[PDB]
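Chains as they are written, first to last, in PDB author numbering: chain A, 245 to 292; chain A', 37 to 584; chain H, 108 to 222; chain H', 108 to 222; chain H'', 108 to 222; chain L, 1 to 107. A prime marks a further copy of an entry chain.
Don't be surprised by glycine CBs; every beta carbon is placed ideally from N, CA and C.
Shown next, in structure tokens, is the structure this report addresses.
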Amino acid sequence: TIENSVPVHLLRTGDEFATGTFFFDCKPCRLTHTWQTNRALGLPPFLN
Amino acid sequence: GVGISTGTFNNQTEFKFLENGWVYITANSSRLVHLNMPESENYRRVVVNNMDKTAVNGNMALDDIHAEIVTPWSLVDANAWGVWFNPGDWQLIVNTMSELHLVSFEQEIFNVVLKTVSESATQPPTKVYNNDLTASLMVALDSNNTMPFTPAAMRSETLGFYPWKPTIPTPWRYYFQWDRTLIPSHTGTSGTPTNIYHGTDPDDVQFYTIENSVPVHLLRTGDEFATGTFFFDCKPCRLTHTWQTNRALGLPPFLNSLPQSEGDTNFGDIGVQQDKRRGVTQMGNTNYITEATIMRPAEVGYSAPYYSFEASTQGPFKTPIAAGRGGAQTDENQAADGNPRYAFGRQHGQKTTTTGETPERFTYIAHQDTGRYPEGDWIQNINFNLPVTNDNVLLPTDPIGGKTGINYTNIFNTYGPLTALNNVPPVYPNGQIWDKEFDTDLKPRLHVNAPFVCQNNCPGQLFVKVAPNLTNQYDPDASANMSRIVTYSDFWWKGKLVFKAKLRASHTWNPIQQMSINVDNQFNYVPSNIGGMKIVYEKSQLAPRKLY
Amino acid sequence: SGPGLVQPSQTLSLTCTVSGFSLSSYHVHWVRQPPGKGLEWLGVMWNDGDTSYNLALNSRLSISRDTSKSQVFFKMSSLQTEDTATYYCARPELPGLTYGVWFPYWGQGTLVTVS
Amino acid sequence: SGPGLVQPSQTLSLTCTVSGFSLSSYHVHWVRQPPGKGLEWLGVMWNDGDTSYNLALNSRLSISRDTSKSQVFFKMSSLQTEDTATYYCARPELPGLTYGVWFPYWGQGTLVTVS
Amino acid sequence: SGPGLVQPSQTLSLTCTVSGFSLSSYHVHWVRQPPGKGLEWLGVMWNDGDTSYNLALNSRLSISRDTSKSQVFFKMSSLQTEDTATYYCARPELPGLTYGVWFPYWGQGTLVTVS
Amino acid sequence: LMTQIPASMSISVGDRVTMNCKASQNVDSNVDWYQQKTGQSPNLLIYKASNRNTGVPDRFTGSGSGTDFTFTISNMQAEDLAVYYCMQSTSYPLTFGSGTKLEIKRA
Numbered sequence: 245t246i247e248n249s250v251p252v253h254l255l256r257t258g259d260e261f262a263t264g265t266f267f268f269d270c271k272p273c274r275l276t277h278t279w280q281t282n283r284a285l286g287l288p289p290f291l292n
Numbered sequence: 037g038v039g040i041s042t043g044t045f046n047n048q049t050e051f052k053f054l055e056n057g058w059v060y061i062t063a064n065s066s067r068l069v070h071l072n073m074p075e076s077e078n079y080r081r082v083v084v085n086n087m088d089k090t091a092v093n094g095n096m097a098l099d100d101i102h103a104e105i106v107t108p109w110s111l112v113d114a115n116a117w118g119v120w121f122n123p124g125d126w127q128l129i130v131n132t133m134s135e136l137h138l139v140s141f142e143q144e145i146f147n148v149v150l151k152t153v154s155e156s157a158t159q160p161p162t163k164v165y166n167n168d169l170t171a172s173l174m175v176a177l178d179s180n181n182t183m184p185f186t187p188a189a190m191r192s193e194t195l196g197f198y199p200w201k202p203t204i205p206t207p208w209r210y211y212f213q214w215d216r217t218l219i220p221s222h223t224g225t226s227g228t229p230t231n232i233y234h235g236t237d238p239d240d241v242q243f244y245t246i247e248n249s250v251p252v253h254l255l256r257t258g259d260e261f262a263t264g265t266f267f268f269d270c271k272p273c274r275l276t277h278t279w280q281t282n283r284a285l286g287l288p289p290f291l292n293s294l295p296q297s298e299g300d301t302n303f304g305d306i307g308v309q310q311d312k313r314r315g316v317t318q319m320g321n322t323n324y325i326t327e328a329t330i331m332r333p334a335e336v337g338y339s340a341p342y343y344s345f346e347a348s349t350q351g352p353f354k355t356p357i358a359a360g361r362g363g364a365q366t367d368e369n370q371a372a373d374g375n376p377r378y379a380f381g382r383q384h385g386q387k388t389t390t391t392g393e394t395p396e397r398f399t400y401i402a403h404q405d406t407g408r409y410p411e412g413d414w415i416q417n418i419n420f421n422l423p424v425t426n427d428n429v430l431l432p433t434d435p436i437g438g439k440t441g442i443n444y445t446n447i448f449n450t451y452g453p454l455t456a457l458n459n460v461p462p463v464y465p466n467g468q469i470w471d472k473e474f475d476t477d478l479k480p481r482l483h484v485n486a487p488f489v490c491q492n493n494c495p496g497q498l499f500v501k502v503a504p505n506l507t508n509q510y511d512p513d514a515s516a517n518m519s520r521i522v523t524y525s526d527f528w529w530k531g532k533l534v535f536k537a538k539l540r541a542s543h544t545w546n547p548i549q550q551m552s553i554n555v556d557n558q559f560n561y562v563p564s565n566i567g568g569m570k571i572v573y574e575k576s577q578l579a580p581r582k583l584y
Numbered sequence: 108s109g110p111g112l113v114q115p116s117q118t119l120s121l122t123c124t125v126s127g128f129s130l131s132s133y134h135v136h137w138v139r140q141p142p143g144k145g146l147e148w149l150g151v152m153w154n155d156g157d158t159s160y161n162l163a164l165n166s167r168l169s170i171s172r173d174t175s176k177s178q179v180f181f182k183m184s185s186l187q188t189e190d191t192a193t194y195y196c197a198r199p200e201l202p203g204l205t206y207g208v209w210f211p212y213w214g215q216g217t218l219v220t221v222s
Numbered sequence: 108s109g110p111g112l113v114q115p116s117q118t119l120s121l122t123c124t125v126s127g128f129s130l131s132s133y134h135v136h137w138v139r140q141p142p143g144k145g146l147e148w149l150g151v152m153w154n155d156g157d158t159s160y161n162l163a164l165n166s167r168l169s170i171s172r173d174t175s176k177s178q179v180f181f182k183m184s185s186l187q188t189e190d191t192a193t194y195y196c197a198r199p200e201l202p203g204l205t206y207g208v209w210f211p212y213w214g215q216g217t218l219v220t221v222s
Numbered sequence: 108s109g110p111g112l113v114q115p116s117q118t119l120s121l122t123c124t125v126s127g128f129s130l131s132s133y134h135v136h137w138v139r140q141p142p143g144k145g146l147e148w149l150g151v152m153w154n155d156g157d158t159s160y161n162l163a164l165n166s167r168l169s170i171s172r173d174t175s176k177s178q179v180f181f182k183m184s185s186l187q188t189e190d191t192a193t194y195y196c197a198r199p200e201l202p203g204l205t206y207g208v209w210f211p212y213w214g215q216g217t218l219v220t221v222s
Numbered sequence: 001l002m003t004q005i006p007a008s009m010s011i012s013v014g015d016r017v018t019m020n021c022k023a024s025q026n027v028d029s030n031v032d033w034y035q036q037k038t039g040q041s042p043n044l045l046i047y048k049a050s051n052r053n054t055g056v057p058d059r060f061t062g063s064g065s066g067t068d069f070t071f072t073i074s075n076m077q078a079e080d081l082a083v084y085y086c087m088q089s090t091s092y093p094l095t096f097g098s099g100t101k102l103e104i105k106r107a
């Protein structure tokens, strides 16, 4: 129950409230799908 | 310019030493290369098909259909262990050394020559040869790797071993993107299996063409070309197999009575009954604590479904296995639980005088003992009523849906929490050195191919083609047939590779198996009076060690 | 196509709408005489194809509008006639390779194109 | 569409191939009873349309493959039947506003869809 | 060896135990018909050998277990039979060159291998 | 390639007949047959032998394999008449045969 934990700014209104910026921690994400399936892994056989 | 030659020719093995067990194994090699002029010209896309075989009922896969893009170029490449090492030199590495590290690689090409053939008609004909100075050779080499990748031995068309015999590179090619789906079949199957091709998804196409990417030094001949050295990034590999299986993990129970007479049928006694033993266990009801049932810190190896082909863009393909067959002596055929089996020919065995042709085949077992032996596996209910009645448990003799070949063992898997295994042992000299690492983010924990993997990027390859010539005729950007002067050109090739290793040390009371000559193979190493050669395979992971 | 001589332009179009399975790519324009012949069964363009006599090329987008083209000119001095062009349009080939094969139905009887 | 009750899915498709003028956008699926009614004549999607009773929406790409959709469910408890779907397909409206108007031809007689 | 056709694998093994003088290397597998022929008398492998028709290769370790192999496939369409394989096994040749020569005893009469 | 013979058949309604074919390259069973069903035409009947479907079974029957095929007609009515075709399906290209010509015997 948050009232047992975290503060509460109270507002009548002229006033504003602003949270400072909390960064992230991550690894990237690729926008590029991978078409090659288990067929395309290798060097294909040589046509005679 | 022509009146010099800048190169040298080296096949050597030199052991330089350092302080405290670190020893650099520095190997060099070289070969002579002859290179036909590619008869085709334009880049070429081809689709191969054979269907009467997938047509007839049965034949899960005796073949599939692939589509490739054949360039005129050709690939001279390293990445075998027969290109630099000798079964003479190979000995002192595997007996004294418990580990490897990879360091650096480099290549260069020197003293090129270009020749010419003028075929007479009214003559016998005789082939004239006049060395041509002003003709040219193309060399294209990328350290960016941008242009697509293969190693080569999924076949071993790679450079020939020995350094007195020439060798040829191979035309270079890569997979394209199509779609295929194939429905099952068997002998008793009726109707049609519905085998169909399926065009090409236009969404995704790669034509990669090096002339659109990477530079090309051009060479007439006095000149040389040298790639600088690009390092590796790797983790070591152990040369020492682990014999301990899930039996040897722990402290063995204490004998309460020790046997007496020498010579054996002499069997100690666990000394207590099965009921009163004391120890940790995991099981449904234990008045029983055995040598078998007991808690082990974790498993070894994994039981994998074998001969199960999952379907995808290419449909049927085999699902590989990372373990060895060690512990299974009754299942061979070729590589029963899997034991990768090389098939090569004419170039590294099947002794070099062989009339006609025919492949060469040997099953390479593992020397590592991790038992995956499927026979002798079954399951019980949680009640443990012993002796157990046939209706409450399973056997490998019990069908699935009324079949026979399947036991239950063809559908099973574990792998999950506790498993582990050792990196695949290198093989020789048909094996592979390094392998590029996958592009996606989850990075499979190993490969059932190469011992070593560059975690960032591996060095590239070396591409080469004869430079074209025309006499007089032409049409601009024409796929009609332009005439040509049949030529060929030879260039020497050198190579260098750097290793780092540590000497092992005894701490046991026993000697240890080594490779050595005997009479089993008396001469598999010494040439035959016609010039015969083999280089029979040799199994190296020779050194037993502790595990847990 | 025609009419009539010696090699005028276009006039082969049918059928809209719902012209078949879009597999990349498909037929059938009926093809041909009918006693023959004919026509080794279109691909998709850069380079996938194609028909058995030069300048028989076919092209079209299988998306909507589902249509056809040209077709085509080509060499008409043999007085041959296929004037329609109606579909279902079995398996082309290229895709195919069952082996092959088979051709269910057709539509829209005789259209004849002059020599 | 149906069959049969109370609101199952799809089963309205025709006609391939060459389904008409691609003007953005067109008809005609025939429409309707025939004694009625009906159907205030499709637009193109975000927002261009549309038909006169809710959940009558239509959508399709006029490029190839030239096709149609859905259509649709919709409210069928009135036992009404239009089971084809064949074209030419005059001027829709939206385009139109000649004023209007007129409708040349049609195709593919009775297909009846059950209640 | 066989049985039976056209070129199946293995099935030539005898004799254990005490298979002869280990000189590097020795015979005799009996060899052959008996009316012929035959078989120009095995070496030791890389390179020492060998027999008179290709793909007749032999290999084995003269240490214990004292055994033999393959043998072999080879080309059997001539319906020939030697199905044993028993020893003493004189001087091979290669060693030899007495001049030559001679062959004391043998063992284990008729074993016949099918065509 | 493929040819289609016999010809000149005049039959009573319902009676049977044999129709056959011969070819060079070994065709597996790709053999097919097109039958009007006059309108919209030719409106194939049996797929590669044998499938009696399309549009309802047991109107004709095909059977046989390899370089030959034998085409067979069980139920003959006024709903089938005149002349018919055969195909082979192999490689590039397709090819057609030509002709049978069976019309109901009228005299």
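**Item:** Bounding residues of the beta strand (DSSP E) (the contiguous stretch that carries A'/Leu128)
**Value:** First-last for A'/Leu128: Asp125 to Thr132, but that is the alpha helix (DSSP H), not the beta strand (DSSP E).
**Prompt:** Looking at the structure shown, is A'/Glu50 part of a helix, part of a strand, or coil, going by DSSP?
**Reply:** strand
**Prompt:** Using a C-beta cutoff of 9 Å, does H/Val135 count as contacting chain A'?
**Reply:** Answer no: the Cβ-Cβ gap between H/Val135 and chain A' never drops below 9 Å.
**Request:** Measure how close the beta-carbons of H/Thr220 and H/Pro110 come, nearest whole angstrom, since I'm counting them as under 8 Å.
**Result:** 7 Å
**Message:** Going by the DSSP bridge assignment, what does A'/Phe267 pair with across the sheet?
**Reply:** Beta bridge pairing from DSSP links A'/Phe267 with A'/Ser140.
**Residue-chain proximity (A/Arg283, chain A'), Cβ-Cβ < 9 Å** = yes
**Message:** Taking the alpha carbon of L/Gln77 as the reference point, which residue from L/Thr61, L/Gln88, L/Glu103 and L/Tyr84 has its own alpha carbon closest?
**Reply:** The closest CA to that of L/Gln77, considering only L/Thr61, L/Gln88, L/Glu103 and L/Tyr84, is found on L/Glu103.
**Message:** Closer than 8 Å to a non-hydrogen atom of the ligand NAP - does that hold for the CB of H''/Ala192?
**Reply:** Absence of the ligand NAP from the depicted structure is noted, as is the absence of any ligand whatsoever, leaving it without description.
**Asked** Taking only beta-carbon atoms, is L/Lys48 less than 9 Å away from chain H?
**Response** yes
**Request:** Using 10 angstroms around the beta-carbon of L/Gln88, count the other beta-carbons present and answer buried if the total reaches 16, otherwise exposed.
**Result:** buried
**Prompt:** Is A'/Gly392 buried or exposed, if buried means 16 or more other CB atoms sit within 10 Å of its CB?
**Reply:** exposed
**Ranges of the beta strand (DSSP E) found wholly within the segment 513-550 of chain A', counting only runs of at least 3** = 523-539
**Message:** I want to verify the contact list: residues of chain A' whose CB lies under 8 Å from the CB of H''/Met152, in sequence order.
**Reply:** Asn557, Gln558, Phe559, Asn560, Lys570 and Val572
**Request:** Compare the C-alpha of A'/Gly567 against each of H''/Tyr194, H''/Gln140, H''/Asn154 and H''/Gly127 and name the closest.
**Result:** Cα-wise, what sits closest to A'/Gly567 is H''/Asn154.
**Item:** CA nearest to the CA of L/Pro42, picked from L/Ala49, L/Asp32 and L/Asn51
**Value:** L/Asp32
**Item:** L/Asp32 in three-state terms, based on DSSP
**Value:** Strand, per DSSP.
**Message:** Contact criterion: CB-CB distance below 9 Å. Does A/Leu287 meet it with respect to chain A'?
**Reply:** yes
**Asked** Helix, strand or coil: how does DSSP classify A'/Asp300 here?
**Response** coil
**Request:** Give, in chain order, every residue of the segment 154-176 of chain H whose Cβ lies closer than 8 Å to some Cβ of chain H'.
**Result:** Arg167, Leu168, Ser169, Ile170, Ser171, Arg172, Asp173, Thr174 and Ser175
**Message:** Would H/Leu119 pass as an interface residue toward chain L - the criterion being a Cβ-Cβ separation below 9 Å?
**Reply:** no
**Message:** On the CB-based measure, 16 or more other CB atoms within 10 Å of its CB, does A'/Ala262 come out buried or exposed?
**Reply:** By the 10 Å Cβ count, A'/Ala262 comes out exposed.
**Message:** Can you tell me whether A'/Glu247 is helix, strand or coil according to DSSP?
**Reply:** helix
**Prompt:** Taking contact to mean at least 3 C-beta pairs separated by less than 8 Å, is the segment 258-273 of chain A' in contact with the segment 552-567 of chain A'?
**Reply:** no
**Message:** Check for me: the beta strand (DSSP E) holding A'/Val82 runs from which residue to which?
**Reply:** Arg80 to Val83
**Prompt:** Would you say A/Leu275 reaches chain A', if we count a Cβ-Cβ gap shorter than 9 Å as a contact?
**Reply:** no
**Request:** May I ask which residues mark the beginning and end of the beta strand (DSSP E) holding A'/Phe398?
**Result:** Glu396 to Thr399
**Asked** For A'/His253, which beta-bridge partners are listed by DSSP?
**Response** Residue pairing from DSSP places A'/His253 in a beta bridge opposite A'/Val175.
**Message:** Since A'/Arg540 and A'/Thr132 should fall inside the 8 Å C-beta cutoff, what is the C-beta to C-beta distance between them, to a whole number of angstroms?
**Reply:** 7 Å
**Request:** Out of A'/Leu498, A'/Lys472 and A'/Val463, point me to the one whose CA is closest to A'/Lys575's CA.
**Result:** Measuring from the Cα of A'/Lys575, the nearest candidate turns out to be A'/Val463.
**Prompt:** Is any beta-carbon of chain A found at less than 9 Å from that of A'/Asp100?
**Reply:** yes
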